[PDB]
Structures are given as C-alpha cells and as structure tokens.
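Okay, structure first, notes after.
Quick look at the structure:
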C-alpha cells in the first residue's frame, strides 16, 4: 500500500506547494519529492527561482500524455503504461536525470527490438546518452546486418549519423 | 603417422529434389531401329533449377550381344555447370489401364556429370512388351515414366540468437529517504521531542501517518504551521520510529 500513499498526493493532489505547467495545461506538484528523486530538479528549485518566481514555472519541453506517466512514476514509484509508449518517456527521464526510469525505459525498448527500426533505436540511444541500450542495439545490428541494411532507416542513419556506423564497425571488428 | 577417421563438426542433413518425366513413344511398333541404334528423348529439367538438363534414351533392340532381345533404357545428363550431380532414378512403363508395372529402381544415388548416362541395360524383353495381352501398348504407344531425385547434401544452420538483456533492475529506494535525514536537506516545519530539535517535512508525514495528517490540517495549518511539539515519547526510540516511517525498516 506503499505506492497508493504518495500516489494519494498526486491523484487527489493533497495541497501542493508550486504550480507546474505543460504547454498551457495546469498541473500541481510538490518540491520535496521532485528534488529528492530528480537531481536536475533539485539543482533547479534552489538556484535563482525560490526567491522571486517561486509560484509559477513553465515546463515547455514535454508532451502531457507522457508527463502524466513521469509524474505517476516520481510519486507512486511505478509506471504502468510504460511498455506501450516507452519511446519518449526515455527522453523525458534522461532530460531530468531519472536514472532508474531511464533503465526501465531502456529495458522496455531493448525488448521491443526489431530489424525494421534498429536504426531509429540506435539514433535515440545516441541522442539520449543511453549506454546499455547502445550496447544492446550494437549487438543486435551486428547479428542482423544481413537484413537491416536494406531498410531506409539505415540509409537515413548513415547519411545523418556517421560516427554510429563507425562505432558499430569498430565493435564488429575482431 | 596415425590418421584415423575425419570428423565433420556439423550434423548431416540433405536436400532431395524429386521430379518426374512422362515420355510417350507414338507408333513404337513402326520405329524400326535395328541393333545398336539409339532413340534419344527431348531435353527435360526439374523446375527448381534449370542448370541440370536431362534426357532419356532408348535402344529399341538392345545394344551388345547380352541384350539381344531387350529394351535398354538410359538416363542422360545433357548439360551441367562443371559440377557433379548425385541423382537417383527409377523407370517404369504405364500400362493401358494406368498402373505402372515394370518399375526398376536404382538402390543408391548415382554420380552424374555432363554427357554421362547411367541406366538399366535389359529393362524389359521385347516379346513380353509386344504380346498385346499385357496391355503395355495402348493404341501402339509406349509410355515411360522416370522419377529422378537429385540429392545435394546441403548445410543449412543458424548461429547465436543472443537474447534480450539485462537483469538487475536495481531498486535503491531506501538511500533516497536516508538522504532526507542524514543530510537533513532543508526541511519546512520544525518538530520537537521534549525540548530537543528535529526537522521534518509535511507531505510524507501526512501521507504515511493519518494522525500526523489530522494534526497538520485541522486548526493548526493557519496559525502554528511551522512549530509543533511532540512531547510524549523519548528521543532514543522516536529516532527509530521516524527512521522507520521514511526508510521502511528499523535497524
């Protein structure tokens, strides 16, 4: 019943302290749990904002359908609707340095690997600074370079991201 | 020195491409080729690959003196791409009704090469064929049915299917709550245990302890929100209760 307390601070919203905003939409949330579980938030809340603009902040970088999942992970400590839409939740988690959610998102993406989109997964794993997902994507492309190469995704990644191709070649070497 | 059996390191698995060819000799009683003269068929192929092209070959009166009054039927490999086939074969004669009778098989796969023709000398006696009571000549035609089967001895195999990883979805939920206590991390309201000073939050207390929620919200949140005195327990065990409510374990 651990998760349902703390979740009760979220669905019922239980007298928060500061008001967030996701592209105009209104959300209410605390400061203790954010600073505790998200280091970027902790450095954010204390430095230059708590004195002047403490009430109002604009979070103008994430979509709300995944903001609900990030802010039912930070509070309740588990993310139910993760494997269906794990592609952008990894980006959100890595933006605010939520390492544990990052690792579950990497596991979810790694378990959804396929030949038709391994280039996209490699691009996201390089852009979002993943390591385990990068290694697992490199191994998967090494095994299935027989048929991933025909896909348009590989041509896009070759034209746009040379160093990933070079790193895959270096890994496949020896 | 030494030299025993050579291992293969791979399991033995083979291919078999078995097809057929039906050949009709119209007016066979009027063909009249003498001793030692052949009558070659039309080129036929399998269908899987047309690299190999075959063609049957009859000698209406058997070649050599041993087969003086026999029908000698041969299978010939016209053209192959400089490689040796290992095909099996069997011939048979369709009767008038439709059931092949004089089936004659090759017990093993024979090695074929371009221009090399394996086959059975003395397939059948001429007199038994022309008897006109066995019914192997419907309307004076001869139907011959050859069932080739090329064996190839392939190696089809797959290697590592490296599985999705990794284990250790490590949970470190206690360290975080320990960090609200040891570092003491800028709390919001001040408790008190018999004069002593402790600092603590409001969200976690209200969430996990209903009595705390009722103290913080009813008649207190307006005037005395910062300071409350818990003046009924000794601190040496209060520290264990309030390191249990947060971290979820009492050492």
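Chains as they are written, first to last, in the working numbering: chain A, 1 to 174; chain B, 175 to 425.
The beta-carbon is built from N, C-alpha and C at its ideal position, and this holds for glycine as well.
Counterpart residues of residue i in DSSP-defined beta bridges
{"i": "residue 218 of chain B", "result": "B:228"}
{"i": "residue 192 of chain B", "result": "B:323"}
{"i": "residue 197 of chain B", "result": "B:318"}
{"i": "residue 248 of chain B", "result": "B:231, B:293"}
{"i": "residue 213 of chain B", "result": "B:232"}
{"i": "residue 401 of chain B", "result": "B:364"}
Closest by C-alpha distance to residue i, when choosing among the options
{"i": "residue 245 of chain B", "options": "B:213, B:255, B:357", "result": "B:213"}
{"i": "residue 330 of chain B", "options": "B:175, B:189, B:176, B:324", "result": "B:189"}
{"i": "residue 289 of chain B", "options": "B:302, B:381, B:256", "result": "B:256"}
{"i": "residue 208 of chain B", "options": "B:279, B:242, B:320, B:314", "result": "B:242"}
{"i": "residue 63 of chain A", "options": "A:42, A:46, A:87", "result": "A:87"}
{"i": "residue 54 of chain A", "options": "A:136, A:46, A:112", "result": "A:46"}
{"i": "residue 272 of chain B", "options": "B:322, B:247, B:182, B:308", "result": "B:308"}
{"i": "residue 348 of chain B", "options": "B:233, B:417, B:198", "result": "B:417"}
{"i": "residue 95 of chain A", "options": "A:134, A:103, A:40, A:104", "result": "A:40"}
{"i": "residue 299 of chain B", "options": "B:394, B:279, B:267, B:354", "result": "B:267"}
{"i": "residue 334 of chain B", "options": "A:81, A:144, A:11, A:115", "result": "A:144"}
{"i": "residue 56 of chain A", "options": "A:118, A:25, A:84", "result": "A:25"}
{"i": "residue 235 of chain B", "options": "B:254, B:319, B:295, B:286", "result": "B:295"}
{"i": "residue 344 of chain B", "options": "A:107, A:130, A:167", "result": "A:107"}
{"i": "residue 270 of chain B", "options": "B:311, B:278, B:303, B:277", "result": "B:311"}
{"i": "residue 221 of chain B", "options": "B:303, B:210, B:192, B:203", "result": "B:192"}
{"i": "residue 258 of chain B", "options": "B:337, B:324, B:178", "result": "B:324"}
Residues near residue i in its chain [Cβ-Cβ closer than 6 Å; skip 5 each side]
{"i": "residue 27 of chain A", "result": "20"}
{"i": "residue 403 of chain B", "result": "366"}
{"i": "residue 250 of chain B", "result": "229, 231, 291"}
{"i": "residue 412 of chain B", "result": "367"}
{"i": "residue 252 of chain B", "result": "217, 227, 229"}
{"i": "residue 42 of chain A", "result": "35"}
{"i": "residue 203 of chain A", "result": "The requested residue 203 of chain A does not occur in the structure, where chain A is confined to residues 1 to 174."}
{"i": "residue 101 of chain A", "result": "73, 93"}
{"i": "residue 219 of chain B", "result": "227"}
Sequence-distant residues of its chain with Cβ nearer than 8 Å to residue i (five each side left out)
{"i": "residue 74 of chain A", "result": "33, 34, 37, 38, 98"}
{"i": "residue 282 of chain B", "result": "262"}
{"i": "residue 376 of chain B", "result": "362, 363, 390"}
{"i": "residue 184 of chain B", "result": "329, 331"}
Cutoff 7 Å; reference residue i; Cβ partners in own chain excluding five residues on either side
{"i": "residue 414 of chain B", "result": "424"}
{"i": "residue 352 of chain B", "result": "421"}
{"i": "residue 123 of chain A", "result": "157, 161"}
{"i": "residue 9 of chain A", "result": "30, 75"}
Start-end ranges of the beta strand (DSSP E) lying completely within the segment 252 to 329 of chain B, minimum 3 residues: 260 to 262, 264 to 268, 291 to 299, 315 to 320, 323 to 325
3 or more residues per run - each beta strand (DSSP E) lying fully within the segment 353 to 395 of chain B: 363 to 367, 370 to 374
Taking a Cβ distance cut-off of 8 Å, strictly less, list which residues of the segment 82 to 112 of chain A are near chain B, in chain order. 100, 103, 104, 107, 110, 111
Give, in chain order, every residue of the segment 385 to 408 of chain B whose Cβ lies closer than 7 Å to some Cβ of chain A. none
For the segment 319 to 337 of chain B, enumerate the residues whose C-beta is nearer than 9 Å to any C-beta of chain A, in chain order. 333, 334, 335, 336
Residues of the segment 351 to 384 of chain B whose Cβ lies closer than 9 Å to any Cβ of chain A, in chain order: 351, 353, 354, 359, 360, 361, 362, 375, 376, 377, 378, 380, 381, 382
Pull out every residue of the segment 138 to 159 of chain A whose Cβ sits closer than 7 Å to any Cβ of chain B, in chain order. 139, 143
Suppose only complete runs of 4+ residues qualify. What are the alpha helix (DSSP H) ranges in the segment 95 to 147 of chain A, listed by chain order? 99 to 111, 118 to 127, 132 to 143
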